[PDB]
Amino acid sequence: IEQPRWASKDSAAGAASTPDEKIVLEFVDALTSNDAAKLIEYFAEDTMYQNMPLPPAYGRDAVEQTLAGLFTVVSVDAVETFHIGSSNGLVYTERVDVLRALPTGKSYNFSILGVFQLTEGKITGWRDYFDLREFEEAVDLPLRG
């Protein structure tokens, strides 16, 4: 999985330079855990998680459940973060997630730009934007949108 032509060293993951950037980098790196119980610890009680524009999860319980549901049908095999940056309390990750369907073994590269909001170092919001065309096939759960 190569570096894109448009990747900029000035915003590379290794150049993350605020507490929030470093926390978010750590979190998306921990996605390969496939471990909802570990991942949920990064979230505030008052929080949200959405794969745009699918129905959002609000509240830590809902986030935990949807993360747990994901890892029953999908392994996040790799996360490759090309850019990380932050502005006005928001953190951006321009990246690629590699998802492998557990029942088919088929692998999928998703180009993602995600925005995170943290409050006192805990995730208050997380919205990933990417193409969902292959998402319905890749995740063996009914899309609810």
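Throughout, we count residues from 1 along the sequence that is shown.
*Asks:* Read off the CA B-factors in the entry, average them over 34-42 and over 49-57, and name the higher stretch.
*Replies:* Comparing averages over the C-alpha atoms only gives 34-42.
*Asks:* Could you check the entry and say whether 79-87 or 92-100 has the higher mean CA B-factor?
*Replies:* That would be 79-87.
*Asks:* Please say which third, lowest, middle or highest, residue 123 falls into when its CA temperature factor is compared across its chain.
*Replies:* Middle third by C-alpha B-factor.
*Asks:* When the deposited Cα B-factors of this chain's modelled residues are ordered and cut into thirds, is residue 131 in the lowest, the middle or the highest one?
*Replies:* For residue 131, the deposited C-alpha B-factor lands in the lowest third.
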